[PDB]
Amino acid sequence: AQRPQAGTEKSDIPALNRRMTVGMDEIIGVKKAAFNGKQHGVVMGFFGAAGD
Amino acid sequence: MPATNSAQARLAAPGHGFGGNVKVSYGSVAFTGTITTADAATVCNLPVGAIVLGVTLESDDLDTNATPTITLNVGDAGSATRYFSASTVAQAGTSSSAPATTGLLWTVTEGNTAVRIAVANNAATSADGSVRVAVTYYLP
Amino acid sequence: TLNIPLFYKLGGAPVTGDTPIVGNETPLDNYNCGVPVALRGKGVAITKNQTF
Amino acid sequence: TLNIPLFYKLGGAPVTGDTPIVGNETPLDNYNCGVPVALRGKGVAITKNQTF
């Protein structure tokens with residue numbers, strides 16, 4: 001919905017540069033494809049990894 | 001041992017700006033006439049998404065008797081005695097300015113955004129005065 | 001939010017011998033998937049007490 | 001001596017739903033490393049009693 005955009009602000013007094021804030025903002029949504037209660041394109045697999 | 005770090009466990013942390021640098025709401029309800037237990041009045045009104053920090057209750061002398069018996073309750077529409085229960089600061093013998101001790105750090109729900117003052121016990125001899133409430137809170 | 005459709009395959013039996021192409025109906029399957037979208041961001045402050 | 005700075009990465013939580021880009025601050029981490037410097041040497045002598 002919105003690409004990440006940046007912006008800055010002079011907070012306390014713009015003449016007496018005592019404070020400044022930078023920031024970034026985003027509108028996005030991520031979801032796994034699901035139809036009729038089923039995974040659309042993923043096969044999950046569980047294996048025993050010992051981690052030695 | 002399973003006492004982990006809080007539901008807060010990852011972020012940075014607030015300072016100068018438009019956040020929830022803590023706030024007040026103040027009202028001065030004026031009682032007059034005779035004072036029975038059929039009294040109710042809003043003094044102030046609160047947000048929805050806010051957590052209370054502390055309530056200060058200062059009143060005048062409302063029952064000038066040798067044995068005073070006036071008694072106040074401070075709360076909202078859900079719980080009539082949520083902040084103060086049997087305050088007795090309006091009596092002419094005791095002292096005023098009692099801070100709140102019950103129900104402090106809790107998120108306000110919908111329909112509970114108006115602070116009422118209800119009279120719990122009848123006044124033996126009603127005088128004229130006023131009651132002040134200051135409620136501190138903040139927002140996310 | 002944003003809804004995405006899906007059509008399945010076709011399912012029955014080949015109408016053997018005598019049967020119409022007007023008598024014996026099929027439906028075609030159809031489903032949905034909706035992705036919700038939210039705002040999010042992050043910011044950093046810079047003072048002057050820690051800058052000179 | 002010579003001092004060298006370092007900046008870390010960024011740390012918190014994405015300010016979900018409603019929150020400003022002016023309310024909820026971060027610091028940026030910063031560190032130092034200083035290398036000290038010293039003199040050093042070596043020498044060799046040659047006579048004439050051991051040279052003719």
# chains A, B, ... in the order shown; residues from 1 in each chain; ligands from 1
$ closest_atom_pairs --of "chain C" --to "chain D" --cutoff "12 Å" --atoms "only C-alpha atoms" --output "JSON lines"
{"residue": "C:37", "atom": "CA", "partner": "D:17", "partner_atom": "CA", "distance": 10.3}
{"residue": "C:38", "atom": "CA", "partner": "D:17", "partner_atom": "CA", "distance": 6.6}
{"residue": "C:39", "atom": "CA", "partner": "D:17", "partner_atom": "CA", "distance": 5.6}
{"residue": "C:40", "atom": "CA", "partner": "D:16", "partner_atom": "CA", "distance": 5.1}
{"residue": "C:41", "atom": "CA", "partner": "D:14", "partner_atom": "CA", "distance": 5.1}
{"residue": "C:42", "atom": "CA", "partner": "D:14", "partner_atom": "CA", "distance": 5.6}
{"residue": "C:43", "atom": "CA", "partner": "D:21", "partner_atom": "CA", "distance": 5.8}
{"residue": "C:44", "atom": "CA", "partner": "D:26", "partner_atom": "CA", "distance": 4.7}
{"residue": "C:45", "atom": "CA", "partner": "D:25", "partner_atom": "CA", "distance": 6.0}
{"residue": "C:46", "atom": "CA", "partner": "D:27", "partner_atom": "CA", "distance": 7.5}
{"residue": "C:47", "atom": "CA", "partner": "D:27", "partner_atom": "CA", "distance": 9.8}
{"residue": "C:50", "atom": "CA", "partner": "D:27", "partner_atom": "CA", "distance": 10.7}
{"residue": "C:51", "atom": "CA", "partner": "D:30", "partner_atom": "CA", "distance": 11.8}
$ write_last_selection --atoms "C-alpha atoms" --output "compact mmCIF listing (two decimals), in the first residue's frame"
# COMPACT_ATOMS: atom_id res chain seq x y z
CA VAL C 37 -2.70 -4.43 5.26
CA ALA C 38 -1.35 -2.35 8.17
CA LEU C 39 0.81 0.73 8.86
CA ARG C 40 4.23 0.36 10.53
CA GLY C 41 7.34 2.44 11.18
CA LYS C 42 10.44 3.34 13.20
CA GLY C 43 12.37 6.48 14.18
CA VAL C 44 15.66 7.67 15.74
CA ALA C 45 16.40 10.89 17.68
CA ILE C 46 19.62 12.95 17.80
CA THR C 47 20.22 15.63 20.45
CA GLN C 50 25.57 14.23 22.79
CA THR C 51 26.72 15.86 19.53
$ interface_residues --of "chain A" --to "chain C" --cutoff "9 Å" --atoms "only C-alpha atoms" --output "PyMOL selection string"
chain A and resi 1-2+4+17-36
$ interface_residues --of "chain B" --to "chain D" --cutoff "12 Å" --atoms "only C-alpha atoms" --output "ChimeraX atom specification"
/B:8-21,49,139-140
$ write_last_selection --atoms "N, CA and C atoms" --output "mmCIF file, in the first residue's frame"
data_model
loop_
_atom_site.group_PDB
_atom_site.id
_atom_site.type_symbol
_atom_site.label_atom_id
_atom_site.label_comp_id
_atom_site.auth_asym_id
_atom_site.auth_seq_id
_atom_site.Cartn_x
_atom_site.Cartn_y
_atom_site.Cartn_z
ATOM 1 N N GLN B 8 6.652 -6.934 26.770
ATOM 2 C CA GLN B 8 7.768 -6.115 26.349
ATOM 3 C C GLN B 8 9.096 -6.883 26.397
ATOM 4 N N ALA B 9 9.733 -7.217 25.254
ATOM 5 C CA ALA B 9 11.071 -7.819 25.318
ATOM 6 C C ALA B 9 12.059 -7.408 24.208
ATOM 7 N N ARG B 10 11.737 -6.450 23.327
ATOM 8 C CA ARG B 10 12.535 -6.186 22.131
ATOM 9 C C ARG B 10 12.909 -4.688 21.858
ATOM 10 N N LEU B 11 12.008 -3.678 22.032
ATOM 11 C CA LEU B 11 12.156 -2.240 21.653
ATOM 12 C C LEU B 11 12.895 -1.242 22.503
ATOM 13 N N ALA B 12 13.217 -0.188 21.771
ATOM 14 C CA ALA B 12 13.478 1.187 22.121
ATOM 15 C C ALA B 12 12.317 1.843 22.854
ATOM 16 N N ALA B 13 12.454 3.116 23.027
ATOM 17 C CA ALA B 13 12.027 3.500 24.335
ATOM 18 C C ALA B 13 11.800 5.031 24.409
ATOM 19 N N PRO B 14 10.638 5.499 24.902
ATOM 20 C CA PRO B 14 10.187 6.903 24.656
ATOM 21 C C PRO B 14 10.832 8.135 25.318
ATOM 22 N N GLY B 15 10.708 9.300 24.639
ATOM 23 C CA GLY B 15 11.201 10.619 25.072
ATOM 24 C C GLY B 15 10.652 11.761 24.222
ATOM 25 N N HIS B 16 11.219 12.988 24.322
ATOM 26 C CA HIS B 16 10.667 14.291 23.877
ATOM 27 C C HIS B 16 9.781 14.261 22.636
ATOM 28 N N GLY B 17 8.573 14.810 22.743
ATOM 29 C CA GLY B 17 7.655 14.804 21.617
ATOM 30 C C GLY B 17 6.183 14.649 21.954
ATOM 31 N N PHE B 18 5.380 14.251 20.966
ATOM 32 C CA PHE B 18 3.945 14.009 21.148
ATOM 33 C C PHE B 18 3.664 12.554 21.474
ATOM 34 N N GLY B 19 4.037 12.120 22.662
ATOM 35 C CA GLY B 19 3.554 10.827 23.090
ATOM 36 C C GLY B 19 2.564 10.970 24.225
ATOM 37 N N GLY B 20 2.805 10.246 25.307
ATOM 38 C CA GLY B 20 1.933 10.205 26.463
ATOM 39 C C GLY B 20 2.649 10.725 27.691
ATOM 40 N N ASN B 21 3.325 11.847 27.524
ATOM 41 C CA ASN B 21 3.738 12.654 28.651
ATOM 42 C C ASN B 21 2.505 13.012 29.466
ATOM 43 N N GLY B 49 -8.380 4.268 25.151
ATOM 44 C CA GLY B 49 -7.118 3.582 25.351
ATOM 45 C C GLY B 49 -6.149 4.323 26.249
ATOM 46 N N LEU B 139 -1.429 8.129 27.338
ATOM 47 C CA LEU B 139 -1.872 7.413 26.155
ATOM 48 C C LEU B 139 -0.698 6.698 25.519
ATOM 49 N N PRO B 140 -0.926 5.635 24.749
ATOM 50 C CA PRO B 140 0.104 5.119 23.851
ATOM 51 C C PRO B 140 0.076 5.798 22.486
#
$ atom_distance --atom1 "atom CA of residue 7 of chain C" --atom2 "atom CA of residue 29 of chain C"
5.8 Å
$ atom_distance --atom1 "atom CA of residue 1 of chain B" --atom2 "atom CA of residue 50 of chain A"
25.5 Å
$ atom_distance --atom1 "atom CA of residue 64 of chain B" --atom2 "atom CA of residue 101 of chain B"
26.7 Å
$ select_by_dssp --residues "chain C" --states "strand (DSSP E or B)" --output "PyMOL selection string"
chain C and resi 2-7+30-35+38-47
$ decode --residues "segment 4-41 of chain A" --atoms "N, CA, C and O atoms" --output "PDB file, in the first residue's frame"
ATOM      1  N   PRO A   4       8.383   2.216   1.556  1.00  0.00           N
ATOM      2  CA  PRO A   4       9.015   2.885   2.704  1.00  0.00           C
ATOM      3  C   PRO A   4       9.563   4.261   2.351  1.00  0.00           C
ATOM      4  O   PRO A   4      10.344   4.416   1.412  1.00  0.00           O
ATOM      5  N   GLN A   5       9.136   5.264   3.117  1.00  0.00           N
ATOM      6  CA  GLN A   5       9.495   6.656   2.902  1.00  0.00           C
ATOM      7  C   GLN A   5      10.152   7.218   4.153  1.00  0.00           C
ATOM      8  O   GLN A   5       9.803   6.839   5.271  1.00  0.00           O
ATOM      9  N   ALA A   6      11.081   8.148   3.962  1.00  0.00           N
ATOM     10  CA  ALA A   6      11.848   8.724   5.055  1.00  0.00           C
ATOM     11  C   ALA A   6      11.479  10.187   5.268  1.00  0.00           C
ATOM     12  O   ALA A   6      10.971  10.859   4.368  1.00  0.00           O
ATOM     13  N   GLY A   7      11.751  10.676   6.474  1.00  0.00           N
ATOM     14  CA  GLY A   7      11.466  12.055   6.820  1.00  0.00           C
ATOM     15  C   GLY A   7      12.188  12.468   8.082  1.00  0.00           C
ATOM     16  O   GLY A   7      12.551  11.627   8.908  1.00  0.00           O
ATOM     17  N   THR A   8      12.396  13.774   8.234  1.00  0.00           N
ATOM     18  CA  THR A   8      13.141  14.324   9.357  1.00  0.00           C
ATOM     19  C   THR A   8      12.372  15.483   9.982  1.00  0.00           C
ATOM     20  O   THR A   8      11.450  16.040   9.383  1.00  0.00           O
ATOM     21  N   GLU A   9      12.761  15.839  11.204  1.00  0.00           N
ATOM     22  CA  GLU A   9      12.053  16.857  11.968  1.00  0.00           C
ATOM     23  C   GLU A   9      13.025  17.552  12.909  1.00  0.00           C
ATOM     24  O   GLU A   9      13.882  16.908  13.515  1.00  0.00           O
ATOM     25  N   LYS A  10      12.887  18.869  13.036  1.00  0.00           N
ATOM     26  CA  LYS A  10      13.608  19.636  14.044  1.00  0.00           C
ATOM     27  C   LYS A  10      12.668  19.915  15.211  1.00  0.00           C
ATOM     28  O   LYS A  10      11.750  20.729  15.102  1.00  0.00           O
ATOM     29  N   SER A  11      12.906  19.238  16.329  1.00  0.00           N
ATOM     30  CA  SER A  11      11.889  19.086  17.357  1.00  0.00           C
ATOM     31  C   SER A  11      11.795  20.288  18.288  1.00  0.00           C
ATOM     32  O   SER A  11      10.754  20.950  18.338  1.00  0.00           O
ATOM     33  N   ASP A  12      12.860  20.581  19.038  1.00  0.00           N
ATOM     34  CA  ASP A  12      12.764  21.455  20.209  1.00  0.00           C
ATOM     35  C   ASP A  12      12.611  22.904  19.750  1.00  0.00           C
ATOM     36  O   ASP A  12      11.536  23.488  19.931  1.00  0.00           O
ATOM     37  N   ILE A  13      13.630  23.495  19.136  1.00  0.00           N
ATOM     38  CA  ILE A  13      13.523  24.804  18.493  1.00  0.00           C
ATOM     39  C   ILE A  13      14.268  24.707  17.168  1.00  0.00           C
ATOM     40  O   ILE A  13      15.400  24.208  17.139  1.00  0.00           O
ATOM     41  N   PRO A  14      13.670  25.118  16.050  1.00  0.00           N
ATOM     42  CA  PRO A  14      14.392  25.080  14.768  1.00  0.00           C
ATOM     43  C   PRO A  14      15.558  26.056  14.684  1.00  0.00           C
ATOM     44  O   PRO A  14      16.476  25.848  13.884  1.00  0.00           O
ATOM     45  N   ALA A  15      15.543  27.122  15.484  1.00  0.00           N
ATOM     46  CA  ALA A  15      16.662  28.057  15.514  1.00  0.00           C
ATOM     47  C   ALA A  15      17.806  27.539  16.373  1.00  0.00           C
ATOM     48  O   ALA A  15      18.945  27.456  15.904  1.00  0.00           O
ATOM     49  N   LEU A  16      17.526  27.192  17.627  1.00  0.00           N
ATOM     50  CA  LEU A  16      18.499  26.554  18.502  1.00  0.00           C
ATOM     51  C   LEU A  16      18.468  25.050  18.274  1.00  0.00           C
ATOM     52  O   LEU A  16      17.680  24.343  18.905  1.00  0.00           O
ATOM     53  N   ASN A  17      19.348  24.554  17.405  1.00  0.00           N
ATOM     54  CA  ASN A  17      19.268  23.185  16.891  1.00  0.00           C
ATOM     55  C   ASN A  17      19.652  22.195  17.984  1.00  0.00           C
ATOM     56  O   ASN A  17      20.711  21.571  17.942  1.00  0.00           O
ATOM     57  N   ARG A  18      18.761  22.032  18.960  1.00  0.00           N
ATOM     58  CA  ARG A  18      19.025  21.219  20.133  1.00  0.00           C
ATOM     59  C   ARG A  18      18.504  19.801  20.005  1.00  0.00           C
ATOM     60  O   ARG A  18      18.841  18.962  20.847  1.00  0.00           O
ATOM     61  N   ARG A  19      17.700  19.510  18.986  1.00  0.00           N
ATOM     62  CA  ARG A  19      17.081  18.200  18.868  1.00  0.00           C
ATOM     63  C   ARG A  19      16.674  17.977  17.419  1.00  0.00           C
ATOM     64  O   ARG A  19      16.347  18.925  16.703  1.00  0.00           O
ATOM     65  N   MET A  20      16.724  16.717  16.991  1.00  0.00           N
ATOM     66  CA  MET A  20      16.337  16.324  15.647  1.00  0.00           C
ATOM     67  C   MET A  20      15.909  14.865  15.683  1.00  0.00           C
ATOM     68  O   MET A  20      16.457  14.074  16.454  1.00  0.00           O
ATOM     69  N   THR A  21      14.915  14.515  14.866  1.00  0.00           N
ATOM     70  CA  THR A  21      14.386  13.161  14.807  1.00  0.00           C
ATOM     71  C   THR A  21      14.236  12.739  13.354  1.00  0.00           C
ATOM     72  O   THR A  21      13.617  13.452  12.562  1.00  0.00           O
ATOM     73  N   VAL A  22      14.809  11.590  13.004  1.00  0.00           N
ATOM     74  CA  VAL A  22      14.609  10.976  11.697  1.00  0.00           C
ATOM     75  C   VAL A  22      13.707   9.764  11.873  1.00  0.00           C
ATOM     76  O   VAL A  22      13.631   9.182  12.956  1.00  0.00           O
ATOM     77  N   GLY A  23      13.000   9.395  10.805  1.00  0.00           N
ATOM     78  CA  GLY A  23      12.072   8.285  10.878  1.00  0.00           C
ATOM     79  C   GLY A  23      11.736   7.731   9.510  1.00  0.00           C
ATOM     80  O   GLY A  23      12.063   8.321   8.479  1.00  0.00           O
ATOM     81  N   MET A  24      11.065   6.580   9.519  1.00  0.00           N
ATOM     82  CA  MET A  24      10.678   5.893   8.295  1.00  0.00           C
ATOM     83  C   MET A  24       9.368   5.154   8.543  1.00  0.00           C
ATOM     84  O   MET A  24       9.109   4.704   9.658  1.00  0.00           O
ATOM     85  N   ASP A  25       8.540   5.045   7.501  1.00  0.00           N
ATOM     86  CA  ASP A  25       7.155   4.613   7.631  1.00  0.00           C
ATOM     87  C   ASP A  25       6.804   3.683   6.473  1.00  0.00           C
ATOM     88  O   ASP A  25       7.341   3.824   5.377  1.00  0.00           O
ATOM     89  N   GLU A  26       5.879   2.746   6.707  1.00  0.00           N
ATOM     90  CA  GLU A  26       5.545   1.744   5.698  1.00  0.00           C
ATOM     91  C   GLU A  26       4.148   1.186   5.948  1.00  0.00           C
ATOM     92  O   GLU A  26       3.734   1.022   7.095  1.00  0.00           O
ATOM     93  N   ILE A  27       3.424   0.887   4.865  1.00  0.00           N
ATOM     94  CA  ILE A  27       2.139   0.185   4.927  1.00  0.00           C
ATOM     95  C   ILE A  27       2.270  -1.066   4.067  1.00  0.00           C
ATOM     96  O   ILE A  27       2.470  -0.963   2.852  1.00  0.00           O
ATOM     97  N   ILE A  28       2.141  -2.247   4.679  1.00  0.00           N
ATOM     98  CA  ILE A  28       2.366  -3.508   3.978  1.00  0.00           C
ATOM     99  C   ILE A  28       1.586  -4.610   4.692  1.00  0.00           C
ATOM    100  O   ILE A  28       1.218  -4.480   5.861  1.00  0.00           O
ATOM    101  N   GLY A  29       1.295  -5.690   3.963  1.00  0.00           N
ATOM    102  CA  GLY A  29       0.678  -6.873   4.532  1.00  0.00           C
ATOM    103  C   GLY A  29       1.182  -8.159   3.905  1.00  0.00           C
ATOM    104  O   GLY A  29       1.207  -8.285   2.679  1.00  0.00           O
ATOM    105  N   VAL A  30       1.589  -9.120   4.732  1.00  0.00           N
ATOM    106  CA  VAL A  30       2.186 -10.372   4.280  1.00  0.00           C
ATOM    107  C   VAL A  30       1.345 -11.522   4.816  1.00  0.00           C
ATOM    108  O   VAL A  30       1.032 -11.562   6.011  1.00  0.00           O
ATOM    109  N   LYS A  31       0.990 -12.464   3.942  1.00  0.00           N
ATOM    110  CA  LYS A  31       0.140 -13.580   4.330  1.00  0.00           C
ATOM    111  C   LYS A  31       0.429 -14.778   3.439  1.00  0.00           C
ATOM    112  O   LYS A  31       0.618 -14.625   2.232  1.00  0.00           O
ATOM    113  N   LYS A  32       0.464 -15.964   4.043  1.00  0.00           N
ATOM    114  CA  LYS A  32       0.618 -17.196   3.281  1.00  0.00           C
ATOM    115  C   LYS A  32      -0.649 -17.499   2.497  1.00  0.00           C
ATOM    116  O   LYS A  32      -1.761 -17.344   3.007  1.00  0.00           O
ATOM    117  N   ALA A  33      -0.473 -17.918   1.244  1.00  0.00           N
ATOM    118  CA  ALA A  33      -1.585 -18.268   0.371  1.00  0.00           C
ATOM    119  C   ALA A  33      -2.343 -19.474   0.907  1.00  0.00           C
ATOM    120  O   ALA A  33      -1.791 -20.573   1.001  1.00  0.00           O
ATOM    121  N   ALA A  34      -3.610 -19.271   1.251  1.00  0.00           N
ATOM    122  CA  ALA A  34      -4.450 -20.331   1.797  1.00  0.00           C
ATOM    123  C   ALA A  34      -5.795 -20.276   1.093  1.00  0.00           C
ATOM    124  O   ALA A  34      -6.373 -19.198   0.950  1.00  0.00           O
ATOM    125  N   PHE A  35      -6.271 -21.425   0.631  1.00  0.00           N
ATOM    126  CA  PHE A  35      -7.575 -21.557  -0.002  1.00  0.00           C
ATOM    127  C   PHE A  35      -8.234 -22.823   0.514  1.00  0.00           C
ATOM    128  O   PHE A  35      -7.620 -23.893   0.469  1.00  0.00           O
ATOM    129  N   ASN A  36      -9.475 -22.693   0.998  1.00  0.00           N
ATOM    130  CA  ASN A  36     -10.300 -23.804   1.492  1.00  0.00           C
ATOM    131  C   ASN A  36      -9.609 -24.547   2.639  1.00  0.00           C
ATOM    132  O   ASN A  36      -9.689 -25.770   2.755  1.00  0.00           O
ATOM    133  N   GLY A  37      -8.910 -23.803   3.490  1.00  0.00           N
ATOM    134  CA  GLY A  37      -8.226 -24.414   4.609  1.00  0.00           C
ATOM    135  C   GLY A  37      -7.020 -25.247   4.251  1.00  0.00           C
ATOM    136  O   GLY A  37      -6.655 -26.142   5.014  1.00  0.00           O
ATOM    137  N   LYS A  38      -6.392 -24.986   3.108  1.00  0.00           N
ATOM    138  CA  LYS A  38      -5.236 -25.744   2.659  1.00  0.00           C
ATOM    139  C   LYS A  38      -4.140 -24.795   2.202  1.00  0.00           C
ATOM    140  O   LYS A  38      -4.416 -23.709   1.690  1.00  0.00           O
ATOM    141  N   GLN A  39      -2.893 -25.211   2.408  1.00  0.00           N
ATOM    142  CA  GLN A  39      -1.746 -24.497   1.861  1.00  0.00           C
ATOM    143  C   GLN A  39      -1.768 -24.551   0.342  1.00  0.00           C
ATOM    144  O   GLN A  39      -1.927 -25.621  -0.249  1.00  0.00           O
ATOM    145  N   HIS A  40      -1.583 -23.402  -0.297  1.00  0.00           N
ATOM    146  CA  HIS A  40      -1.690 -23.349  -1.749  1.00  0.00           C
ATOM    147  C   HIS A  40      -0.440 -23.910  -2.412  1.00  0.00           C
ATOM    148  O   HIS A  40      -0.532 -24.692  -3.362  1.00  0.00           O
ATOM    149  N   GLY A  41       0.734 -23.527  -1.926  1.00  0.00           N
ATOM    150  CA  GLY A  41       1.954 -23.923  -2.596  1.00  0.00           C
ATOM    151  C   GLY A  41       3.142 -24.272  -1.725  1.00  0.00           C
ATOM    152  O   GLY A  41       4.275 -24.129  -2.179  1.00  0.00           O
TER     153      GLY A  41
END
